[PDB]
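Coordinates from data29.tsv are shown below (TSV, C-alpha atoms).
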chain	number	residue	atom	x	y	z
A	1	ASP	CA	0.00	0.00	0.00
A	2	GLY	CA	0.93	3.68	-0.05
A	3	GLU	CA	1.03	3.73	-3.84
A	4	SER	CA	1.77	6.74	-6.02
A	5	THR	CA	-1.26	8.93	-6.69
A	6	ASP	CA	-3.15	8.69	-9.96
A	7	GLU	CA	-2.61	12.19	-11.37
A	8	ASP	CA	-5.30	13.88	-13.46
A	9	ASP	CA	-4.50	15.61	-16.75
B	103	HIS	CA	-32.92	11.32	-0.20
B	104	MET	CA	-35.31	10.24	2.51
B	105	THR	CA	-35.56	12.99	5.11
B	106	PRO	CA	-33.73	12.28	8.39
B	107	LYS	CA	-37.15	11.94	10.02
B	108	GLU	CA	-38.35	9.49	7.38
B	109	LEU	CA	-35.25	7.32	7.65
B	110	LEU	CA	-35.57	7.28	11.43
B	111	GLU	CA	-39.18	6.15	11.09
B	112	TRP	CA	-38.01	3.47	8.66
B	113	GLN	CA	-35.54	2.32	11.32
B	114	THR	CA	-38.06	2.37	14.17
B	115	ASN	CA	-40.44	0.14	12.23
B	116	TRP	CA	-37.78	-2.36	11.19
B	117	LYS	CA	-36.47	-2.56	14.75
B	118	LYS	CA	-39.94	-3.67	15.84
B	119	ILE	CA	-40.20	-6.18	12.98
B	120	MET	CA	-36.85	-7.71	13.89
B	121	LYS	CA	-37.96	-8.17	17.49
B	122	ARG	CA	-41.45	-9.55	16.79
B	123	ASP	CA	-42.07	-10.76	13.22
B	124	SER	CA	-38.68	-11.93	11.97
B	125	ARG	CA	-37.44	-15.47	11.41
B	126	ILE	CA	-34.18	-15.68	9.45
B	127	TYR	CA	-32.59	-18.62	7.64
B	128	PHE	CA	-28.97	-18.66	6.45
B	129	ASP	CA	-28.34	-20.42	3.13
B	130	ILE	CA	-25.81	-23.25	3.57
B	131	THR	CA	-25.17	-23.80	-0.14
B	132	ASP	CA	-22.24	-22.14	-1.93
B	133	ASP	CA	-22.15	-21.50	-5.69
B	134	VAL	CA	-18.35	-21.27	-5.99
B	135	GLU	CA	-15.83	-23.84	-4.74
B	136	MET	CA	-13.52	-22.26	-2.14
B	137	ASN	CA	-10.43	-23.36	-0.25
B	138	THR	CA	-11.21	-24.10	3.41
B	139	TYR	CA	-9.65	-20.72	4.17
B	140	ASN	CA	-12.07	-18.39	2.35
B	141	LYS	CA	-14.82	-20.74	3.46
B	142	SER	CA	-13.97	-20.41	7.16
B	143	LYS	CA	-13.72	-16.66	6.59
B	144	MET	CA	-17.26	-16.54	5.21
B	145	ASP	CA	-18.36	-18.84	8.05
B	146	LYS	CA	-16.93	-16.34	10.53
B	147	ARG	CA	-18.84	-13.64	8.66
B	148	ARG	CA	-22.03	-15.70	8.93
B	149	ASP	CA	-21.63	-16.06	12.69
B	150	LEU	CA	-21.21	-12.30	13.00
B	151	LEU	CA	-24.41	-11.69	11.05
B	152	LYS	CA	-26.25	-14.23	13.21
B	153	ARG	CA	-25.14	-12.55	16.43
B	154	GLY	CA	-26.13	-9.19	14.97
B	155	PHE	CA	-29.67	-10.26	14.15
B	156	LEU	CA	-30.03	-12.03	17.50
B	157	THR	CA	-29.21	-8.74	19.22
B	158	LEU	CA	-32.18	-7.23	17.36
B	159	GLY	CA	-34.38	-10.00	18.78
B	160	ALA	CA	-34.94	-11.94	15.56
B	161	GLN	CA	-35.42	-15.71	15.44
B	162	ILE	CA	-32.76	-17.77	13.68
B	163	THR	CA	-34.20	-20.94	12.16
B	164	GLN	CA	-31.84	-23.72	11.06
B	165	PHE	CA	-34.33	-25.04	8.49
B	166	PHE	CA	-35.85	-23.47	5.40
B	167	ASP	CA	-39.34	-23.75	6.81
B	168	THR	CA	-42.87	-22.54	6.46
B	169	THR	CA	-42.24	-19.45	8.63
B	170	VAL	CA	-39.08	-17.88	7.12
B	171	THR	CA	-39.27	-14.14	6.51
B	172	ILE	CA	-35.69	-13.53	5.34
B	173	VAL	CA	-33.08	-15.71	3.63
B	174	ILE	CA	-29.46	-14.60	3.97
B	175	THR	CA	-27.10	-16.09	1.38
B	176	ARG	CA	-23.54	-15.76	0.09
B	177	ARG	CA	-24.53	-16.78	-3.42
B	178	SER	CA	-25.51	-14.45	-6.25
B	179	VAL	CA	-28.93	-12.94	-5.58
B	180	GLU	CA	-29.03	-11.54	-9.11
B	181	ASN	CA	-28.43	-14.95	-10.72
B	182	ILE	CA	-31.13	-16.86	-8.83
B	183	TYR	CA	-33.13	-17.14	-12.05
B	184	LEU	CA	-30.36	-19.49	-13.25
B	185	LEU	CA	-30.69	-21.94	-10.35
B	186	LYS	CA	-32.56	-25.25	-10.29
B	187	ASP	CA	-36.25	-25.17	-9.36
B	188	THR	CA	-35.39	-27.24	-6.29
B	189	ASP	CA	-33.00	-24.58	-5.01
B	190	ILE	CA	-34.01	-22.87	-1.74
B	191	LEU	CA	-33.23	-19.45	-3.24
B	192	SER	CA	-35.43	-20.14	-6.26
B	193	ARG	CA	-38.37	-21.23	-4.11
B	194	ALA	CA	-37.98	-18.31	-1.71
B	195	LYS	CA	-37.88	-15.85	-4.60
B	196	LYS	CA	-40.87	-17.13	-6.54
B	197	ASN	CA	-42.77	-16.99	-3.25
B	198	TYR	CA	-41.68	-13.38	-2.75
B	199	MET	CA	-39.45	-14.04	0.23
B	200	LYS	CA	-36.81	-11.49	1.19
B	201	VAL	CA	-33.41	-12.69	-0.05
B	202	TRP	CA	-30.34	-10.72	1.04
B	203	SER	CA	-26.64	-11.01	0.29
B	204	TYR	CA	-24.17	-10.85	3.18
B	205	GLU	CA	-23.32	-7.29	2.15
B	206	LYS	CA	-26.97	-6.27	2.27
B	207	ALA	CA	-27.49	-7.97	5.64
B	208	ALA	CA	-24.45	-6.25	7.17
B	209	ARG	CA	-25.67	-2.90	5.86
B	210	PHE	CA	-29.08	-3.50	7.42
B	211	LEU	CA	-27.51	-4.36	10.77
B	212	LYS	CA	-25.41	-1.20	10.57
B	213	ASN	CA	-28.57	0.80	9.88
B	214	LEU	CA	-30.10	-0.62	13.07
B	215	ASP	CA	-27.20	0.52	15.17
B	216	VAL	CA	-25.42	-2.86	15.13
B	217	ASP	CA	-22.05	-3.39	13.44
B	231	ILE	CA	-9.18	10.42	27.50
B	232	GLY	CA	-9.07	13.99	28.80
B	233	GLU	CA	-8.88	15.74	25.43
B	234	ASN	CA	-11.83	17.80	24.18
B	235	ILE	CA	-13.64	17.63	20.84
B	236	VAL	CA	-12.33	20.23	18.40
B	237	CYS	CA	-14.70	19.34	15.55
B	238	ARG	CA	-16.99	16.60	14.25
B	239	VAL	CA	-16.51	15.26	10.72
B	240	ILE	CA	-19.59	13.83	9.00
B	241	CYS	CA	-19.21	12.13	5.63
B	242	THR	CA	-22.30	12.98	3.58
B	243	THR	CA	-21.29	10.74	0.67
B	244	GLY	CA	-21.33	7.84	3.12
B	245	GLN	CA	-18.00	6.05	2.65
B	246	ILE	CA	-16.86	6.89	6.19
B	247	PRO	CA	-18.50	6.84	9.64
B	248	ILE	CA	-18.62	9.97	11.82
B	249	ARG	CA	-15.29	10.82	13.47
B	250	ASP	CA	-14.31	13.55	15.93
B	251	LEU	CA	-11.12	15.60	15.89
B	252	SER	CA	-9.86	16.15	19.43
B	253	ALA	CA	-7.02	17.90	21.24
B	254	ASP	CA	-5.77	18.15	24.82
B	255	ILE	CA	-6.52	21.60	26.22
B	256	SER	CA	-3.37	21.32	28.33
B	257	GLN	CA	-1.04	20.53	25.42
B	258	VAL	CA	-2.67	23.19	23.23
B	259	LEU	CA	-2.13	26.04	25.71
B	260	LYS	CA	1.50	25.06	26.33
B	261	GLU	CA	2.24	25.40	22.60
B	262	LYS	CA	3.44	28.87	21.61
B	263	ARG	CA	3.50	28.21	17.86
B	264	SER	CA	0.58	29.63	15.88
B	265	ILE	CA	-0.45	26.11	14.85
B	266	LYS	CA	-1.41	24.07	17.90
B	267	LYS	CA	-2.10	20.79	16.10
B	268	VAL	CA	-2.34	19.20	12.65
B	269	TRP	CA	-4.73	16.52	11.38
B	270	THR	CA	-3.86	14.92	8.02
B	271	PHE	CA	-6.43	13.42	5.65
B	272	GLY	CA	-5.33	10.93	3.02
B	273	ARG	CA	-5.41	7.51	1.39
B	274	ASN	CA	-2.50	6.43	3.59
B	275	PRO	CA	-4.12	4.47	6.44
B	276	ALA	CA	-1.52	5.83	8.89
B	277	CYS	CA	-2.91	9.37	8.55
B	278	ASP	CA	-5.14	10.84	11.26
B	279	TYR	CA	-8.17	10.42	8.98
B	280	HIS	CA	-8.29	7.70	6.32
B	281	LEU	CA	-10.09	8.94	3.21
B	282	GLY	CA	-10.36	5.37	1.95
B	283	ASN	CA	-8.33	3.68	-0.78
B	284	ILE	CA	-9.03	5.66	-3.94
B	285	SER	CA	-6.16	5.85	-6.44
B	286	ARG	CA	-6.99	9.43	-7.43
B	287	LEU	CA	-6.59	10.63	-3.83
B	288	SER	CA	-3.20	11.42	-2.33
B	289	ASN	CA	-1.53	9.54	0.52
B	290	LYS	CA	-1.66	12.92	2.23
B	291	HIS	CA	-4.49	14.87	0.62
B	292	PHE	CA	-5.29	17.79	2.92
B	293	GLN	CA	-4.80	18.86	6.52
B	294	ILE	CA	-6.85	20.54	9.21
B	295	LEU	CA	-4.81	22.86	11.41
B	296	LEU	CA	-5.77	24.08	14.87
B	297	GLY	CA	-5.39	27.85	14.97
B	298	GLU	CA	-4.72	29.70	18.21
B	299	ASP	CA	-8.24	30.52	19.48
B	300	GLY	CA	-9.95	27.32	18.37
B	301	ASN	CA	-9.80	28.52	14.77
B	302	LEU	CA	-9.56	25.77	12.15
B	303	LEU	CA	-7.75	26.04	8.82
B	304	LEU	CA	-7.93	23.89	5.70
B	305	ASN	CA	-4.66	23.21	3.88
B	306	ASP	CA	-4.59	21.37	0.56
B	307	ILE	CA	-1.39	19.43	-0.10
B	308	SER	CA	-2.90	17.04	-2.64
B	309	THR	CA	-2.09	16.26	-6.24
B	310	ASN	CA	-5.61	16.35	-7.71
B	311	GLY	CA	-6.92	19.14	-5.49
B	312	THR	CA	-9.39	19.91	-2.70
B	313	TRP	CA	-12.69	21.81	-2.71
B	314	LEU	CA	-14.33	23.94	-0.03
B	315	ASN	CA	-18.06	24.61	-0.34
B	316	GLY	CA	-17.72	23.79	-4.04
B	317	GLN	CA	-14.70	25.97	-4.74
B	318	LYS	CA	-11.22	24.65	-5.48
B	319	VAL	CA	-8.86	25.97	-2.80
B	320	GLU	CA	-5.35	27.21	-3.51
B	321	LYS	CA	-2.77	24.51	-2.82
B	322	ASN	CA	-0.57	24.98	0.26
B	323	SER	CA	-2.78	27.88	1.36
B	324	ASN	CA	-4.44	28.03	4.78
B	325	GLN	CA	-8.16	28.80	4.49
B	326	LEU	CA	-10.28	29.47	7.57
B	327	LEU	CA	-13.01	26.88	8.19
B	328	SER	CA	-16.58	27.75	9.15
B	329	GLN	CA	-19.58	25.94	10.64
B	330	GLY	CA	-21.04	23.37	8.25
B	331	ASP	CA	-18.30	23.84	5.66
B	332	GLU	CA	-18.19	21.04	3.11
B	333	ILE	CA	-14.80	19.66	2.10
B	334	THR	CA	-14.92	17.60	-1.09
B	335	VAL	CA	-12.18	15.57	-2.77
B	336	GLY	CA	-12.07	13.33	-5.83
B	337	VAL	CA	-13.87	15.87	-8.00
B	338	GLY	CA	-13.81	15.01	-11.71
B	339	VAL	CA	-14.95	11.41	-11.27
B	340	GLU	CA	-18.48	11.25	-9.88
B	341	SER	CA	-17.85	8.01	-7.95
B	342	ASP	CA	-14.55	9.13	-6.39
B	343	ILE	CA	-16.26	12.16	-4.83
B	344	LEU	CA	-16.04	12.26	-1.04
B	345	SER	CA	-17.69	15.07	0.93
B	346	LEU	CA	-16.87	15.90	4.56
B	347	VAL	CA	-18.93	18.39	6.58
B	348	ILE	CA	-17.19	20.14	9.47
B	349	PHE	CA	-19.08	21.01	12.65
B	350	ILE	CA	-16.88	23.02	15.00
B	351	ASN	CA	-17.31	22.56	18.75
B	352	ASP	CA	-17.81	25.99	20.30
B	353	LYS	CA	-17.26	24.79	23.87
B	354	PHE	CA	-13.68	23.91	22.96
B	355	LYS	CA	-13.01	27.64	22.75
B	356	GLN	CA	-14.51	27.98	26.23
B	357	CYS	CA	-12.52	25.22	27.93
B	358	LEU	CA	-9.53	26.98	26.36
B	359	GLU	CA	-10.57	30.38	27.74
B	360	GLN	CA	-11.37	28.73	31.08
B	361	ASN	CA	-7.92	27.19	31.53
B	362	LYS	CA	-5.86	30.34	30.89
I'd like the structure from this file rewritten - as structure tokens, please.
Amino acid sequence: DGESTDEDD
Amino acid sequence: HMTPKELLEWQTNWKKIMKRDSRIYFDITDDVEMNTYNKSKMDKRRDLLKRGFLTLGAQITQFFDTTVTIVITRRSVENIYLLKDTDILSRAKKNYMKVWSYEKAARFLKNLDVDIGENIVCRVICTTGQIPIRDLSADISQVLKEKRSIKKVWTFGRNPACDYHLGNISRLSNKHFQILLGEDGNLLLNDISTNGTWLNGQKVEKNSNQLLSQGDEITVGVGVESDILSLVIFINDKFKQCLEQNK
């Protein structure tokens, strides 16, 4: 867990 | 979408039905084949549900009999039309019996109220419903001994080690936003997220402290309708008084 965030465009 | 009063009435009536007119049968048949692990996990889940309904005063019958009012099953409720005519779930259905999944049963139990020396600073109510009500608290003693302008910090994020877990949603940051305790019981919102934070429907400037007010709605996950998570802040006014009392 503690993954990298899914950035928006 | 029901009024609070309507939902309460819905609860009051069901509570009576559980205690007087309810006889529940748990389906023993499983549609998948599972290792004895997952099976003993679902068996533990069954026992929880049983205890929950017993607390509400409902009968638990061990047989699919003439009296059953609710059938609780693990199997697919939506694919009961595919089962054999001899199946208990098929017979219950075509006789208009109530058939619930485990998830539905647990939710029902939750709806019927089944499932330190530091004062309340504020109460956080999730109005989207993913999270139960939590209170932010702080020790009046520790707060008054701090000379810094920020007395305490609460972090909100996907990281379960944060002070407030926003849930596991990929679009949310491990540390999304913070709530800071200002000097006189004032509360500030600080967005440190990647995809942003909203306050009363307005995107706040990142890394900028914005004063919080009574009933202010904090929303994250905007952009994807099902990632949206709203938190309403209710600030405890007596906290300011226990702070002014202990000067």
Self-check item: Expected residue set, 12 Å radius at (-32.8, -16.0, -8.3), all atoms listed in the file, as a PyMOL selection string
Solution: chain B and resi 173+175+177-203
Quiz item: Near residue 9 (chain A), within 12 Å and counting all atoms listed in the file, which residues show up once chain neighbours fewer than 6 positions away are dropped, as JSON, numbers by chain?
Solution: {"B": [286, 309, 310, 338]}
Exercise. Please provide the set of residues having any atom within 12 Å of residue 156 (chain B), restricted to only C-alpha atoms, with same-chain residues fewer than 6 positions apart removed, written as number ranges by chain.
Key: B: 117, 120-122, 124-126, 149-150, 162-163, 211, 216
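Take the candidates B:287, B:346, B:174, B:326 and check each one against residue 6 (chain A) using only C-alpha atoms; the shortest distance goes to B:287.
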Quiz item: Once you count only C-alpha atoms, which residues of chain A turn out to be within 7 Å of chain B? Could you give them as a PyMOL selection string?
Solution: chain A and resi 2+5-8
Quiz item: Between CA of residue 154 (chain B) and CA of residue 217 (chain B), what is the distance, to one decimal in Å?
Solution: 7.3 Å
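Near residue 244 (chain B), within 12 Å and counting only C-alpha atoms, sit residues 209, 281, 282, 341, 342, 343, 344, 345, 346 and 347 of chain B, not including residues fewer than 6 positions from it in the same chain.
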Can I get the selected residues back with C-alpha atoms, as a PDB file, in the frame of the given file?
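Final output, again_8.pdb:
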ATOM      1  CA  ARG B 209     -25.670  -2.900   5.860  1.00  0.00           C
ATOM      2  CA  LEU B 281     -10.090   8.940   3.210  1.00  0.00           C
ATOM      3  CA  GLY B 282     -10.360   5.370   1.950  1.00  0.00           C
ATOM      4  CA  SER B 341     -17.850   8.010  -7.950  1.00  0.00           C
ATOM      5  CA  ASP B 342     -14.550   9.130  -6.390  1.00  0.00           C
ATOM      6  CA  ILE B 343     -16.260  12.160  -4.830  1.00  0.00           C
ATOM      7  CA  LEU B 344     -16.040  12.260  -1.040  1.00  0.00           C
ATOM      8  CA  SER B 345     -17.690  15.070   0.930  1.00  0.00           C
ATOM      9  CA  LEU B 346     -16.870  15.900   4.560  1.00  0.00           C
ATOM     10  CA  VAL B 347     -18.930  18.390   6.580  1.00  0.00           C
TER      11      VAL B 347
END
